[PDB]
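Only one chain comes next, encoded as structure tokens, the form deposited in one PDB entry.
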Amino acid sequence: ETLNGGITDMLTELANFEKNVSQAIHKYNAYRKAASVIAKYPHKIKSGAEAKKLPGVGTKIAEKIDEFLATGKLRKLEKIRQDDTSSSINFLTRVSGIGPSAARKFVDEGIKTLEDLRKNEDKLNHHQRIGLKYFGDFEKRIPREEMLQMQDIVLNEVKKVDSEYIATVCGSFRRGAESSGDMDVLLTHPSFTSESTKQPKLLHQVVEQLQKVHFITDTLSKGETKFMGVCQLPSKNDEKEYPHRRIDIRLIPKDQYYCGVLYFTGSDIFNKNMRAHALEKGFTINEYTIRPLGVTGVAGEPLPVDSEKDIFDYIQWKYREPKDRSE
């Protein structure tokens, strides 16, 4: 957790590099498992050879460990850290819609900077356009103060459109959190579930609503169940306009909302942990359901859920406020 801190970090730097700059999925997959096990190793790694004993570490990584142990740095690391091409990719990549692939491609054509990007907006698609356009606000955190305002607005329209609608803003915001990255709104309706063959309009109506009043300004991606966009709080009585924020609305079959809602609220650890418990307690929990465990090794048959309560009950736990779903 810190005893092997640096080694795991150099290692991540490394893996991360293979993956983006070059396309060395293995090297890259290599670095990660190593960074996984040494992280676990309950002792201070004093030399490669020692590390070496590990499963995952080979002669390769051993080597790097030595040098780093030896001298407070890594050359390969110093070099990559320096090199502009690699720098550039790690940068373009920051743009919503720009991934490693397009990053390497733009680089190879010479688009290295954000300006370069502008001059060549034609080379960009719609997602990437929006990304470029809101680059700044996109890197910005969301004050909870703003979060509640937002939430307020979405909830009301959703309601006004159809009172049957059910929405939950999940995420950290849900878990109390002082700030959040983007707004995730979990959505489901009663006429929509597991079987009842869709009702795309069900998503589509609200999206339309939200745009109608300018809450939604842009559209990154709109499908029959997932809409990815950009929204914005009405810039008051001027002097101050609100930064553009990422927003995702998603359709859920009412018969699997809570699993979903439960799920998405996290924390990543609360999950796994909740997840690990359901196993002893003879179950299975995943993104959409909770199934009883069968001795034959496995089993199925989807437990009927009406709230986050039922789930706990099932695995017979204490209902944990989302506030305290921290781990």
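Note that residue numbering follows the sequence shown and begins at 1.
- Compared with the other entries of this protein, residue 198 is frequently left unbuilt, missing from a third or more of those that build its neighbours.
- The mean Cα B-factor in the deposited entry runs higher for 77-85 than for the other of 77-85 and 92-100.
- On average the C-alpha atoms of 275-283 have higher B-factors than those of the other stretch, with 60-68 and 275-283 being the two compared.
- Across the residues 258, 264, 270, 28, the deposited record lists the maximum Cα B factor for 270.
- Within the selection 161, 203, 117, 153, the deposited Cα B-factor values reach their highest point at 161.
- Per the PDB record, residue ranking by Cα B-factor puts residue 246 in the lowest third of the chain.
- In the deposited entry, the Cα temperature factor of residue 174 places it in the middle third of its chain's modelled residues.
- Among all modelled residues in this chain, the alpha-carbon of residue 307 has a temperature factor (C-alpha) in the highest third.
- Annotation for residue 45: C-alpha temperature factor in the lowest third relative to the rest of the modelled chain, per the entry.
- Ranked within its chain, residue 180 lands in the middle third, by CA B factor from the PDB record.
Not pictured, yet referred to below: the form deposited in another entry.
- Among 50, 152, 228, 82, only 82 lies at the hinge, the spot where C-alphas switch from fitting one rigid part better to fitting the other between this form and the one not shown.
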